[PDB]
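Only one chain is shown below, in structure tokens, and it's the form deposited in one PDB entry.
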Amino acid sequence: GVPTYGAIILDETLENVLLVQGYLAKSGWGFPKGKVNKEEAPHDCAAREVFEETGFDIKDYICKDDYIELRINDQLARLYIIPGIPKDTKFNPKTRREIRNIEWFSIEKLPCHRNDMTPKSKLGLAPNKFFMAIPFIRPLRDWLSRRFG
């Protein structure tokens, strides 16, 4: 699995996080991130992917130790945590061919799991447009509690 890098951008209240909506298999909402290039350092890949997807440069804000990393299906995803970005920042992807929309979401309102279908006695999970973000939500809330209060 080629590792991916990106960011969790939060506003100044720490309430809201910046998600991006793709197309097709990436049609839902997720954190801005993408695959590392040959010989590219993690921090540079995170900044490149975030600038390509949001038009916002995190380079001067990345902290080396402040990230959440998950291994999903034997692919590693690491999102640098970037707090205090004002909600009135103008975000604009580099190309609309990959990114449909960019929005702030309330962290407390986001799901941290998908819903089963126990009502229908059917196995599996109900669709959720936050599926790409979900795995990071509980680890984020725990990280924020520890590092802030």
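When you see a residue number, it is the position in the sequence shown, counting from 1. Between two forms, the rigid core is the largest collection of C-alphas that superpose within 1.5 Å.
- Once the rigid core is used to overlay the structures in 9 other deposited structures of this protein, the stretch among 90-98 and 54-62 whose CA atoms lie farther from this form is 90-98.
- The mean C-alpha temperature factor is higher for 39-47 when 39-47 and 26-34 are set side by side.
- When 92-100 is weighed against 117-125, 117-125 comes out higher, by mean CA B-factor as recorded in the entry.
Here the subject shifts to the form deposited with a small molecule bound, a form of this protein not shown in this document.
- Site annotation in the entry with it bound: the residue of 90, 64, 120, 109 reaching within 4.5 Å of the small molecule with a heavy atom is 90.
- For the chain shown alone, residue 82 is not a contact residue for the small molecule in the entry with it bound, no non-hydrogen atom being within 4.5 angstroms.
- Taking the partner from the other structure, the small molecule in the entry with it bound has no heavy atom within 4.5 Å of any heavy atom of residue 116.
- Taking non-hydrogen atoms only, residue 102 approaches the small molecule to within 4.5 angstroms in the entry with it bound.
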